[PDB]
Ligand SMILES: *[C@@H]1O[C@H](CO[C@@H]2O[C@@H](C)[C@@H](O)[C@@H](O)[C@@H]2O)[C@@H](O[C@@H]2O[C@H](CO)[C@@H](O)[C@H](O)[C@H]2NC(C)=O)[C@H](O)[C@H]1NC(C)=O
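Chains as they are written, first to last, in PDB author numbering: chain H, 2 to 52, 52A, 53 to 82, 82A to 82C, 83 to 125, 133 to 212; chain L, 2 to 27, 27A to 27F, 28 to 212.
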């Protein structure tokens, strides 16, 4: 059994978006298909379900005007459309269903609603017995970025902080690591930054 | 059917016992098979929710025995015996009698002894300065508990409103936090002043710790 959800979604306010949930490994019409919203300060919230056998839908009252659930028997795929989007709709969304000895959840689809447009980060060095160094990963949209150090050869003492949303509507974060001061002249330190939405890749040497 | 979880958050040391409550506004006990349609999920930071228990008390495959679910009808309990550092997560209950409901979750934090932060200050880079904006960064490393304050000073003038902070999740091994504070100045303002300082307080510090630099030195 597998529930495969569609990729990350980006939307301007007031528009609508439609995400999918492809079911495999069982008879699609035999189980109701539920949708769940995960928003940072709102826990988990049930949106509603569709009975794929008959297309009957039932909604959480809080989503009766926001979500529209549909299903395609021939392709074993359920859909959720979210309309009149605002930043309050930014969240991770899941499809799920129950079984006799478990529950099956999709991997989730992330939705960001913003007036911002996709933009790669600028990467700036944070220059250094213990020394701290890092990289400032500034002014990107949407989330996420990934940061590694020395192509993964350096992991201990690394802290890559959660992004903050700036007043510009762009994100910024820093990644830091602590190393022996005595190592600065014998070991190179490089932050590897990747922002896949913009295909941005930056590998910056950080030196005192 | 409404679900109420308590407490909303708690901090418990490794090795100790944890009990958390989930109460439903209606019975989720199905008379035909005498099963409670209630489950427990564990959601670790950055991960999707993972099923721990179903039928109120049946462990999902792979779940260790230190997780125990109990209760019937409307009153349910999740117990974690001898909590381990890996058990840091938000725990949600879930009723599925027909439609679904989720509780508000109980955030389990790992309690440990107090640790004061180590502090580091970073000037803005020459490259960024070519762009009209200056970001000054201060790092607070490996501290507990989570609460701390960074006070920025520019030529001994207290700054307000032009900083943003971000805190890591608890370290998987030592349960400490780290924090970054970023001070945002125009390049014009940055080049008009000399002494840049971040003054740090934390409940483990007897007196504030200040790190500073002089622009261009
Ligand atoms: C933490 O709890 C353990 C386990 O006891 C519980 O007992 C049941 C009533 C139920 O609540 C289960 O979820 C638990 O298993 C305590 O360990 C027991 O300690 C007593 C006295 O030393 C001993 O006779 C038992 O055999 C122990 N049981 C196990 C499983 O080891 C433990 O003392 C508790 N610790 C604290 C600090 O409260």
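Cβ atoms here follow ideal geometry from the backbone N, Cα and C, with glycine treated the same way.
Rounded to whole angstroms, what's the CA-CA distance from residue 140 of chain L to residue 125 of chain H? Just pull it up for me. 26 Å
Below-8 Å beta-carbon distance, residue 176 of chain H vs any chain L residue: yes
Under 9 Å from the C-beta of residue 132 of chain L: neighbouring residues of chain H: 123, 138, 140, 178, 180
If distances are taken between C-alpha atoms only, which option among H:149, H:36, H:147 comes closest to residue 80 of chain H? H:36
Is the CB of residue 91 of chain L under 8 Å away from at least one CB in chain H? yes
Flag residue 72 of chain L as yes when its Cβ comes closer than 7 Å to any non-hydrogen atom of ligand 1, and as no otherwise. no
Please report the distance separating the alpha-carbon of residue 124 of chain L from that of residue 114 of chain H. 24 Å
Host beta strand (DSSP E) of residue 144 of chain L (start-end): 143-149
Any idea if residue 60 of chain H is buried or exposed, counting beta-carbon neighbours within 10 angstroms, 16 or more meaning buried? buried
Any idea what DSSP makes of residue 201 of chain H, helix, strand or coil? helix
Are residue 120 of chain H and residue 197 of chain H closer than 8 Å when you measure CB to CB? yes
Extent of the continuous beta strand (DSSP E) run through residue 3 of chain H: 3-6
For ligand 1, I want to know if residue 76 of chain L counts as a neighbour, meaning its beta carbon is within less than 7 Å of at least one of the ligand's heavy atoms. yes
Measuring alpha carbon to alpha carbon, tell me which of L:18, L:161, L:170, L:58 ends up nearest residue 104 of chain L. L:170
Can you grab the Cα-Cα spacing for the pair residue 167 of chain H / residue 132 of chain L, in whole Å? 14 Å
Where the region 118-143 of chain L meets chain H: residues whose CB sits under 8 Å from a CB there: 118, 119, 120, 122, 123, 126, 130, 132, 134, 136
Contact set between the region 152-163 of chain L and chain H, restricted to residues whose Cβ is under 7 Å from the partner: 159, 161, 163
Would you identify the three-state DSSP class for residue 111 of chain L, choosing helix, strand or coil? coil
N- and C-terminal bounds of the beta strand (DSSP E) containing residue 143 of chain H: 134-144
Compute the minimum distance between the beta carbon of residue 82 of chain L and the heavy atoms of ligand 1, and state whether it is under 7 Å. no
Pair within 8 Å by beta-carbon distance, residue 130 of chain H and residue 205 of chain H: One cannot assign coordinates to residue 130 of chain H, given that chain H in this structure leaps from 125 to 133.
Could you tell me the distance, in whole angstroms, from the CA atom of residue 20 of chain L to the CA atom of residue 94 of chain L? 27 Å
CB-CB length for residue 18 of chain L against residue 65 of chain L, believed under 8 Å: The Cβ separation is near 13 Å, so there is no contact.
Residue 108 of chain H and residue 86 of chain H look like a contact to me (Cβ under 8 Å); what is the Cβ gap, rounded to whole Å? 6 Å
Could you say which of H:82B, H:100, H:188 lies nearest to residue 134 of chain H if we only look at CA atoms? H:188
Taking all protein chains shown into account, do 16 or more other C-beta atoms lie within 10 angstroms of the C-beta of residue 143 of chain L, making it buried, or fewer, making it exposed? buried
Would residue 8 of chain L and residue 101 of chain L be called neighbours here (beta carbons separated by less than 8 Å)? yes
Judging by CA-CA distance, which residue of L:108, L:68, L:70, L:81 is the nearest neighbour of residue 62 of chain L? L:81
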